[PDB]
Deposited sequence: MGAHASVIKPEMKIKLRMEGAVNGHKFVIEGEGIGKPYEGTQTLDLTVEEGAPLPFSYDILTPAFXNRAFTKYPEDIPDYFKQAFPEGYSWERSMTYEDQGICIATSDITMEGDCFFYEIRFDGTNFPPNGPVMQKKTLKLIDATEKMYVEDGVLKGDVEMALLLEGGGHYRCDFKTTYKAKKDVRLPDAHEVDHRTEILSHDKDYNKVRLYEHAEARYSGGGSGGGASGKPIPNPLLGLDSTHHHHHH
């Protein structure tokens, strides 16, 4: 019960995409048992970002997932100690990203240390030309492997003009203590930028996520 019905968020992301270094910090609040959250993000170094903000938004905590009582909740069980995650993202035009997050908590607040790196995006492709509109709603397949929880998803970004820009996500989630390991299940995601300033130096970001068995 260290996870309260309403939890604050504080984060710092550092990284580089196609040679461009940047730092983004964030603060927000969400409802862990309802699987909802809102974050306000600020570019602190590297403004204005020259690449699509939509390659960043899944990097900005599965503790914010509505878990049914008959699926063990790997993420909420891990606290107060917390957990980390490691993620590969391979895009269809051979741009590739790696991201990690170390997630701790103090009081009623989660803290994230995020690293995000991306490279080999075509200079005239949709990421470097900021032609993405949003993340399409996606289902993440969760399963235990090597004693930890994995998540795989074949997701797409929507492009200006209606095209789909595909990315294969693979995440490894590592609790900092032993927890009850769930059977295979799925997490449905909806991700939305609610508002932003001109160059996305300021961004308000929303996620809704819920766990369920397939079928």
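- Gaps in the model relative to the deposited sequence occur at 1-5, 66, 222-249, listed in sequence order.
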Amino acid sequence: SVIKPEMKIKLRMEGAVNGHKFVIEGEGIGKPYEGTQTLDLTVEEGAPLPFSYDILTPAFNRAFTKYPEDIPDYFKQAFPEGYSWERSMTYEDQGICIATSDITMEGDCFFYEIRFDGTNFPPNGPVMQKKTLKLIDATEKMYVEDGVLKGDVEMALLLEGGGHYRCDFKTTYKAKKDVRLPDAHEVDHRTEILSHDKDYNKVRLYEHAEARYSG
From here on, numbers count along this sequence of modelled residues.
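- Taking the PDB entry as given, 161-169 carries the higher mean Cα B factor of the two stretches 144-152 and 161-169.
- If you average the C-alpha B-factors over 7-15 and over 203-211, the higher value belongs to 7-15.
- Set against one another, the Cα B-factors of 132, 94, 84, 77 in the record reach their highest point at 94.
- Ranking 186, 183, 54, 70 by the C-alpha B-factor listed in the PDB entry places 70 at the top.
- Annotation for residue 33: C-alpha temperature factor in the highest third relative to the rest of the modelled chain, per the entry.
- In the deposited entry, the Cα temperature factor of residue 112 places it in the middle third of its chain's modelled residues.
- When the modelled residues of the chain are ordered by C-alpha B-factor, residue 59 sits in the lowest third.
- Sorting the modelled residues of the chain by their CA temperature factor places residue 136 in the middle third.
- In this PDB entry, residue 119 carries a Cα temperature factor that places it within the lowest third of its chain's modelled residues.
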